[PDB]
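Q: Model the structure of this input:
(one chain, ligands or ions: 2)
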Amino acid sequence: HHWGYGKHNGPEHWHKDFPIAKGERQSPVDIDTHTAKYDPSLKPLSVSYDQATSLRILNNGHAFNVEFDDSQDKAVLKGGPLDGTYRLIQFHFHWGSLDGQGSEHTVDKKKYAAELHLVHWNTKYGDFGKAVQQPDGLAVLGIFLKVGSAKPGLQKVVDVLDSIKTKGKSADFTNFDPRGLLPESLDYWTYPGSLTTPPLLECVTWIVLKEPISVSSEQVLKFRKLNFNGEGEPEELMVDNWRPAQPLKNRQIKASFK
Ligand SMILES: [Cu+2]
Ligand SMILES: [Cu+2]
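A: Numbering: from 1, shown residues only. Ligands and ions are numbered 1, 2, ... in the order given. Sharing the structure here:
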């Protein structure tokens, strides 16, 4: 039936409806730190989120998305390995049922408790819908979360989760500043890959930050309280919404640092 993360509609099944699942530039991957090449020609990333306009938070049945007004160059990403300007459209998380799993990307096979994805689309394409059809249409910033100290900047999100418990619910979510989710350092790895949920289009330039952010155990616990199901359906907790690591194939992971 429709795709999800269960035993019967899980990631091992996606290929039947999205043959691209077995493509040559599928994401996520395992980042082998000793095999990543330092590339001195990579410029520093430029994150400009000071004018960010969040609008809404939605439970889509596979994660929760915070959405931004992308009608103008308000929250953009540029520099790094990118050409052109990429506008922030939404962010969402991938997490586990236990602290020992939940990230999509791994580092030397280490899994983190969660992974944040900030999705941006190439302004040369005019809209998101057109950008996913291009090899350089999207740029995704991935950030790992580990359990330790609470992240103050994440609490606003945590607190609205009760109001969007089941698939299809949404809530006004204005004045959220995504700068409160960045680590101190912007060092990163980059490789060409895809979206990690169907349609699995190979339109992404991934930018995965080296430094994780810490969240408290209690912050991560509130994530695990969401549902995959719609209201009035039997309860299926929203956990383990992560796709395992895919073959690297013909690709090189570049590092912005040594
Ligand atoms: Cu769906
Ligand atoms: Cu994602």
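
Q: Got phi/psi on the spatially most distant residue from the centre of the chain?
A: The centre of the chain is farthest from one residue, residue 232, which by CA atoms, centre = their mean lies 28.7 Å away. Dihedral angles of residue 232 (phi, psi; degrees, to the nearest 10) stand at phi 80, psi 20.

Q: roughly how far apart are it and residue 102?
A: Using CB to CB, to the nearest Å, residue 232 is found at 28 Å from residue 102. C-betas here are computed from N, CA, C, even on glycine.

Q: same question, residue 22
A: Remark: distance between residue 22 and residue 102 (CB to CB) = 24 Å.

Q: Neighbour count for those two, which is higher?
A: Remark: of residue 22 and residue 102, residue 102 carries more neighbours, 26 against 12, as counted by other CB atoms under 10 Å.

Q: Tell me which residues touch that one, please.
A: Taking CB atoms under 8 Å, 6 or more residues apart in numbering, we find residue 102 in contact with 94-96, 111-115, 145, 240, 242.

Q: For the stretch 1-150 of the chain, which segments count as helices?
A: For the stretch 1-150 of the chain, the helices defined by DSSP state H, counting those that start in this stretch occupy 128-131.

Q: Quick check: residues of it near ligand 2?
A: Residues of the stretch 1-150 of the chain lying close to ligand 2 (CB under 5 Å from the ion) are residue 117.

Q: Point me to the residue of the stretch 1-150 of the chain nearest ligand 2.
A: residue 117 (3.6 Å; CB to the ion).

Q: ok, now which ones touch the closest residue in space to that residue that isn't next to it in sequence?
A: Using CB to CB, 6 or more residues apart in numbering and skipping residues adjacent in sequence, the residue nearest residue 117 is residue 140, 5.3 Å away. By CB under 8 Å, 6+ apart, the residues touching residue 140 are 117-120, 204-207.

Q: Try it again at 7 Å.
A: 117-119, 204, 206-207 (CB atoms under 7 Å, 6 or more residues apart in numbering).

Q: one step back: what's the local residue count around the residue of the stretch 1-150 of the chain closest to ligand 2?
A: 23.

Q: what do you get for residue 258?
A: 6.

Q: How about residue 30?
A: Residue 30 is flanked by 17 other residues according to other CB under 10 Å.

Q: ok, it touching residue 247?
A: No. Between residue 30 and residue 247 there is no contact under CB atoms under 7 Å: 9.6 Å.

Q: Please identify every residue contacting each of the two.
A: By CB under 7 Å, 6+ apart, no residue touches both residue 30 and residue 247.

Q: show me the contacts for the spatially most central residue of the chain.
A: Among the residues of the chain, the one closest to the centroid is residue 117, at 1.9 Å (CA atoms, centre = their mean). Neighbour list for residue 117: 91-92, 140, 142 [criterion: CB under 7 Å, 6+ apart].

Q: Strands - which of those land there?
A: Using DSSP state E, 91-92, 140, 142 are the members of these that sit in strands.

Q: Can you tell me, leaving aside adjacent residues, what's nearest to the residue of the stretch 151-258 of the chain found nearest ligand 2?
A: In the stretch 151-258 of the chain, no residue comes nearer to ligand 2 than residue 196, which is 4.9 Å away by CB to the ion. Of all residues not flanking residue 196 in the chain, residue 243 sits nearest, at 4.8 Å (CB to CB, 6+ apart).
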